[PDB]
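Below: one structure, written as structure tokens.
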Amino acid sequence: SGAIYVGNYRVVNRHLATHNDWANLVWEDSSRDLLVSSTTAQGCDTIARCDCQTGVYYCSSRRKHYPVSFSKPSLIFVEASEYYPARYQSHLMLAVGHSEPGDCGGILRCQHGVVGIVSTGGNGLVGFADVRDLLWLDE
Ligand SMILES: N#Cc1ncncc1CC(=O)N1CCC[C@H](C(N)=O)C1
Ligand SMILES: [Zn+2]
């Protein structure tokens, strides 16, 4: 679990979105595993606007942060699930690091701010849904 709070927006993994997120829907993309909902309270997360390939992510299954090198956002394979059939997920970045079920939503940050959130895992790889291209989050 986990979310990004910027302005009047809440960014969450689409597969973990609540009834409240869907009733206050702003935008969602199944191919990215992202959903953004509106909030009453003001958020203060800073979104990174960069091409960093290094950062630190929070891993809830170890209660630890890990430094990682990660790939550029691209179209990449997942496996099926209560939530998706096998498919390419777009805007996904991989890193060698630890993840397993429940680690989705952990934030990945670089020196510029929030880069994305954990969205996939397995085989000693962790995948992050990028949010750096969503320029509208700031306005
Ligand atoms: N996190 C994690 C994890 N770590 C290890 N094994 C499996 C997983 C689970 C996983 O990858 N997914 C299940 C939920 C939906 C995800 C998606 N974006 O399509 C895929
Ligand atoms: Zn950066």
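Let me check I've understood the local charge: for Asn13, count other residues with C-beta under 14 angstrom from its C-beta, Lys and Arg +1, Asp and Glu -1. What total comes out?
Net charge around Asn13: -4.
List the trypsin sites (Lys or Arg not before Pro) in the stretch 50-97 that DSSP assigns to loop (not H, G, I, E or B) and whose Cβ has at most 16 other Cβ atoms within 10 Å. Which are they?
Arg63, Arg87
With each run of n ≥ 4 DSSP H residues scored as -39500 (n - 2.57), what mean residue ellipticity at 222 nm is computed for the chain after dividing by its residue count and rounding to the nearest 500 deg cm²/dmol?
-500 deg cm²/dmol
With a Cα-only, solvent-free Debye model of the stretch 45-139, what are the log10 I(q)/I(0) values at q = 0.13 Å⁻¹?
Each listed q maps to, in turn, -0.40.
Quick one: 3J(HN,Hα) in Hz for the stretch 64-71, Karplus 6.51/-1.76/1.60 with θ = phi - 60°, rounded, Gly and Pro as x.
Those phi angles translate into 9, 9, 10, x, 9, 9, 9, 6 Hz.
So for the chain, averaging the separation of alpha carbon pairs under 8 Å that are six or more residues apart and normalising by length, what relative contact order in percent results?
Averaging sequence separation for qualifying contacts and normalising by length gives 24 percent for the chain.
Which order results if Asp29, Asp103 are arranged by neighbouring Cβ count within 10 Å, fewest first?
Arranged by neighbour count, lowest to highest, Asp29, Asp103 become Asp29, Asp103.
Can you tell me the dipole magnitude for the chain around its Cα centre, using point charges on the Cβ only (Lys, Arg +1; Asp, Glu -1), in Debye to the nearest 20?
360
What does the net charge come to around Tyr58 if you take all other residues with beta carbon closer than 12 Å to its beta carbon, with K and R at +1 and D and E at -1?
Taking every other residue near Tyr58 into account, the sum is +3.
We did not get these values from a lab; they are worked out from the coordinates using the rules stated. All Cβ positions, even for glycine, are placed from backbone atoms using ideal geometry, and neighbour counts span all protein chains on display.
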